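Comments concern the structure below.
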Amino acid sequence: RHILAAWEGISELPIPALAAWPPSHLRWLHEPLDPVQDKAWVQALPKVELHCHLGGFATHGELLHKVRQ
Amino acid sequence: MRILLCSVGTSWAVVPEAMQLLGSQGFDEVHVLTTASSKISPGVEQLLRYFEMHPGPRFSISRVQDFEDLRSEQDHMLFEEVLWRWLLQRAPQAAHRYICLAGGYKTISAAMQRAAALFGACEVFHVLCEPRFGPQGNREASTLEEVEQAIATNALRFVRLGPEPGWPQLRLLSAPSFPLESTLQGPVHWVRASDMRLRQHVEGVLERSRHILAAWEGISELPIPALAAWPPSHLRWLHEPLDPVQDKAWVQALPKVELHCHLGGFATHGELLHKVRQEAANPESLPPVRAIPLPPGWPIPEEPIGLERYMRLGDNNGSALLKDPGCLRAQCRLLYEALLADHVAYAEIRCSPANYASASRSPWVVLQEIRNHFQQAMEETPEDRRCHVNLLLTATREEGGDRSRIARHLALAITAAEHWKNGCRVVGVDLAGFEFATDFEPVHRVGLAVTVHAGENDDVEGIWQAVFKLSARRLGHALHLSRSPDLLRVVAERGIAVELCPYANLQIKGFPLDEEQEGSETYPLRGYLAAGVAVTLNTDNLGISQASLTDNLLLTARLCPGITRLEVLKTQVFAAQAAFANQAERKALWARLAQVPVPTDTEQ
Amino acid sequence: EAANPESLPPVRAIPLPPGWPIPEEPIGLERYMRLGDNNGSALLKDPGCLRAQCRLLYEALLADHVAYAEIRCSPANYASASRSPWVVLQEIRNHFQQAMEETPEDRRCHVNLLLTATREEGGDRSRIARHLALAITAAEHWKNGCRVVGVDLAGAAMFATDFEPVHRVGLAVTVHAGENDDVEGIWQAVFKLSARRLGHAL
Amino acid sequence: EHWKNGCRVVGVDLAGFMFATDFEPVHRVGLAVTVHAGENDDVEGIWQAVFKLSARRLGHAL
Ligand SMILES: Nc1ncnc2c1ncn2[C@@H]1O[C@H](COP(=O)(O)OP(=O)(O)OP(=O)(O)O)[C@@H](O)[C@H]1O
Ligand SMILES: Nc1ncnc2c1ncn2[C@@H]1O[C@H](COP(=O)(O)OP(=O)(O)OP(=O)(O)O)[C@@H](O)[C@H]1O
Ligand SMILES: [Mg+2]
Ligand SMILES: [Zn+2]
């Protein structure tokens, strides 16, 4: 059901696996992002990092103390 | 709102008992579909009597005039069609749709179940009544008093099979598109169906959905998403080697993309040359028709003839001939006609307006005339079949000659880039030479795309300089990429398209044809494809080569052994992505590409 | 005479230094440029305001008895999303050609055009490229009447600009001398840019 | 060229160059270049990174 319903307009979805998503979930995906309420969904997302300096990771706090130890 | 579309046959008690599935709430309105058999009459009067009292819900009766008994299968098909039409009409929404299948024949009950599956029903139940009624108390309620007793004694067990959403494609079918012929006869409706379009539409939708679900798995390996709706046999046919002969008609119908085509090499001989000459404005200035003999076996020469002979093979048209306005107009119109005959959806033509300028006609005038001829030809064609033409300016490097033409062409391109923002546009410059970086910073500063045209050399330094010095977004005739793994990897990574002209390459350079397996001299098309390079197949010169885009796509089957048809579709997609078009033209091209011809020889 | 009076910018208030035209003290170049901010690209993007400028200017040369003039224009500064730089130049040329032909051939001031490729304070050399390409395109287009006769280099990038193409099409080059005493600048104009005239070489 | 599996060196990021004279060797060997923008609100640097440094990514191009 879900795949056929979302088949029309499948080139507008970044990940092609989103077609099998329920239509209500796709409508939610098309709604503005909520930082307070969407913390868990973003936290569980598989992400790609392309800009991260190694020398600016543990610059203060417990991480810095661990690095020094 | 809550409706209940029930079925009545010899037993009319189904409807009154079905009127209590919810209980005290009942149904705001109910309907019944049955046959026109005479035996169904007394049940109809009993139902009307039952409706006389408890007239809370709405009431109506519909019988099929062409289906009474179960003595035929065509009658069964007609009954199914009428049931679907009546469900569409008397039940606009399945969310507010309660369906009862207790009444009707066994085939009738199956029809209600199948219709609920196809079009969806908010809830499907089956009404039951204990036989503790009637004489002897061994028969179920079959009269008004007995029906009320059953409804008043809780003698009706209701089995609900659960909601049933149906098919997304079968939930947006409005009844007005499937009208049912009704004839008011008293307090009942006599419904009839004209055509069986509904059943054919449902069957086609179901088959297409099954094909889509079967192809869902490998949806990222299909160049065009619309290929998932093909039958699995078709998708298997698409993975087999391309047949140069049997597949001619399938390739001829493909919507193709042309990226490497020269305006001056189109009508170089034959009848097209004579038509172009006849169109001339002043027939006296026409140069005499030189005698240029084609090599034996043309367009497939026995041995390669190099680039100088190939270029000289088209001296009857071009700079000396297109200086006539009428000849230029005929050239443009005939080129657009040839593009239309090949089903090309997007084409980039290469022109040298400075070569066609005269005392009274500046390069700007020639360029404007070419652009307006192509735009007028485009506008004279239906949008569904219209080939979109864009223009590239060729800034060639003469052998120690006129270097002012390069400057004139670059300035012309930079000006035409802003001049036109719709229809036929000037989208880039073709650099046939350097195979000079200072001359092209202005080209990059205004957003013009650059394509470098390799020729008469097999060096990788030229390709390296074009990629990293000229910032070329496409490469023409880069037949020696495999000879440098770093260069090939860079080309694949940066997404630089490679323009290949099968016939032109074969005639100028020469490659083995119809071999068995890929040797060290085979055409590099499949080696490039396996390396991740965006490869596009083009014509170069329609006239000098005597080959169309279809002919080149077919010859790829002999230059490359085992090349599949999915590979030609991939080349078309690569060309669509590598075109210098804007968002609107790109959308139109992608809409056109989504219509691939259906194979006809999928039987082996 | 604006065609779209609903788009004309408000008439900014610009005060002239006391003693104009003869100031009591040199006001520099930056203050000089700002003094003309009520006209130019602000007003000349209007098709109707670009005619009054071209006609109110030709009758100022007639009242001064000028016999030959070369006007410096920047057609790319007046180009909108619907009027390309070539359309603006196409119009400036024909607004001067039309005015010339409507004057008796005895008091007719002959007007030619120079395209000013001004160095920009953003490194944005796209404007330079468009003007140089426009001048090369208009050099061959018009052989009679009003003509584009050269480019005005009002300003190291130009030495990396490859001004050779303008030389190959027969265009002349004029260079404004910078506000600094850059003797090394006038040297490169004569021998690198092949300038045939020098502006403000004091 | 040393490593071909696992963790690899896939490119270099220029951090304030517009000057690609000493970068032809990196493009020759196939190393991708990402140009990292500075605190200056200039667009000429972006043009040089795109066409002079042949950058494939841009950092903080605001
Ligand atoms: N957000 C940033 N913008 C610009 N430069 C940065 C930024 N973050 C780090 N850098 C610079 O990147 C350079 C190299 O990166 P990295 O942080 O890994 O080096 P480092 O020697 O450990 O850093 P540092 O001594 O500056 O903390 C450092 O010199 C730092 O100045
Ligand atoms: N296959 C090719 N390989 C390399 N250069 C080519 C090829 N085909 C055309 N050219 C170059 O393109 C230039 C302009 O292309 P076009 O075919 O439109 O020629 P033209 O304007 O008719 O002039 P002419 O045929 O007299 O050279 C030609 O002068 C030729 O130098
Ligand atoms: Mg001003
Ligand atoms: Zn070619």
Side-chain angles (χ1 to χ4, degrees), chain A residues 51-60 64 67, chain B residues 258-268 273 276 287 290 292 305-324 327-328 331-332 335 348-357 363 366-367 370 391-399 401-402 405-406 409 429-435 451-457 462 474-479 499-509 536 538-545 547 552, chain D residues 12-16 34-40 59-62:
Chain A
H51 198 136
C52 199
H53 307 267
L54 173 57
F57 155 64
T59 58
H60 56 66
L64 171 60
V67 161
Chain B
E258 180 70 66
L259 292 189
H260 194 150
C261 203
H262 297 273
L263 183 63
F266 166 48
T268 54
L273 175 60
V276 159
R290 295 178 65 188
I292 317 180
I305 69 169
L307 180 58
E308 69 275 16
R309 305 185 46 199
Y310 179 92
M311 278 318 282
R312 302 297 95 75
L313 270 185
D315 287 326
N316 288 340
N317 195 317
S319 299
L321 183 63
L322 294 194
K323 299 176 148 283
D324 191 329
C327 275
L328 188 80
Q331 186 82 15
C332 297
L335 180 45
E348 279 171 1
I349 313 302
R350 282 149 203 241
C351 57
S352 287
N355 292 13
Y356 312 149
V366 185
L367 176 58
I370 299 169
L391 289 177
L392 297 167
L393 299 203
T394 306
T396 308
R397 284 83 164 94
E398 309 178 20
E399 62 275 16
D402 197 358
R405 293 181 184 271
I406 304 176
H409 278 142
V429 287
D430 166 49
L431 308 195
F434 183 84
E435 185 68 24
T451 179
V452 182
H453 192 309
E456 70 251 46
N457 196 329
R474 298 209 298 250
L475 299 171
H477 302 125
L479 291 160
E499 305 161 343
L500 294 188
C501 317
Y503 267 109
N505 298 147
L506 177 79
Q507 298 160 348
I508 290 169
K509 277 74 69 177
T536 71
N538 305 308
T539 59
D540 206 24
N541 285 283
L542 268 180
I544 309 177
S545 306
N552 295 276
Chain D
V12 301
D13 63 358
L14 319 177
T34 176
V35 178
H36 182 226
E39 184 67 355
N40 307 325
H60 311 131
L62 300 165

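Just so you know, ligand 1 is whichever comes first in the structure, and atom 1 is the first atom listed for that ligand. Chain identifiers are assigned alphabetically (A, B, ...) following the order of the sequence lines, protein sequences preceding nucleic acid strands; residue numbering begins at 1 within each chain. Worth knowing before you read on, the calculation uses all heavy atoms, side chains too, and leaves out hydrogens, waters and symmetry mates.
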Measure from the Zn ion (ligand 4) to each N, O or S atom of B:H260 and report whether any distance is below 2.8 Å. yes
Those atoms of ligand 2 less than 4.0 Å from some heavy atom in B:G318: 22 (O)
Are any of the side-chain heavy atoms of B:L479 and B:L500 separated by less than 4.5 Å? yes
Kindly determine whether B:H260 and B:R350 satisfy side chain to side chain contact (heavy atoms under 4.5 Å, CB included), including the steps that lead there. CA-CA 7 Å; B:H260 194 150; B:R350 282 149 203 241; 3.8 Å; yes
Side chain to side chain contact (heavy atoms under 4.5 Å, CB included) between B:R474 and B:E348: does it pass, once the steps are laid out? CA-CA 13 Å; B:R474 298 209 298 250; B:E348 279 171 1; 2.5 Å; yes
Any atoms of ligand 2 less than 4.0 Å from a non-hydrogen atom of B:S352? List them with their elements. 14 (C), 21 (O)
Heavy-atom check, side chain of B:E435 versus side chain of B:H477, under 4.5 Å: no
Within 4.0 Å of some non-hydrogen atom of B:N541, the atoms of ligand 2 are 1 (N), 8 (N)
Which of the numbered atoms in ligand 2 are under 4.0 angstrom from any heavy atom belonging to B:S319? 20 (P), 21 (O), 22 (O), 23 (O), 24 (P), 26 (O)
Please could you name the atoms of ligand 2 that B:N355 approaches to less than 4.0 Å, counting only its heavy atoms? 21 (O), 23 (O)
Tell me whether B:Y356 has any N or O atom under 3.5 angstrom from an N or O of ligand 2. yes
Say whether, by atom type as modelled, one donor and one acceptor occur between the side chain of B:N317 and the main chain of B:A267 under 3.5 angstrom. yes
Opening angle between NE2 in B:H453 and OD1 in B:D540, taken at the Zn ion (ligand 4), to 10 degrees: 150°
Mind checking whether B:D315 and B:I292 have side chains closer than 4.5 Å, heavy atoms only? yes
Are the side chain of B:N316 and the backbone of B:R290 linked by a donor-acceptor contact shorter than 3.5 Å? yes
Walk me through it: do B:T394 and B:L392 pass the test side chain to side chain contact (heavy atoms under 4.5 Å, CB included)? CA-CA 6 Å; B:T394 306; B:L392 297 167; 5.8 Å; no
Do B:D540 and B:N505 have side chains that approach each other closer than 4.5 Å (heavy atoms only, starting at C-beta)? no
The single option from B:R405, B:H409, B:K323 passing side chain to side chain donor-acceptor pair (under 3.5 Å) against B:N355: B:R405
Between ligand 1 and the protein, give all atom pairs where both partners are nitrogen or oxygen and the distance is under 3.5 Å, as lines of names plus distance to 0.1 Å.
unit_1   : atom_1 : unit_2 : atom_2 : d
ligand 1 : 18 (O) : A:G55  : N      : 3.1

Hey, which atoms in ligand 2 end up nearer than 4.0 Å to a heavy atom of B:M311? 7 (C), 8 (N), 9 (C), 10 (N), 30 (C)
Using a strict 4.0 Å cut-off to heavy atoms of B:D540, name the atoms of ligand 2 that fall inside it. 1 (N)
Whether the side chain of B:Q507 engages the backbone of B:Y310 through a donor-acceptor N/O pair (distance < 3.5 Å, no angle test) should be reported. no
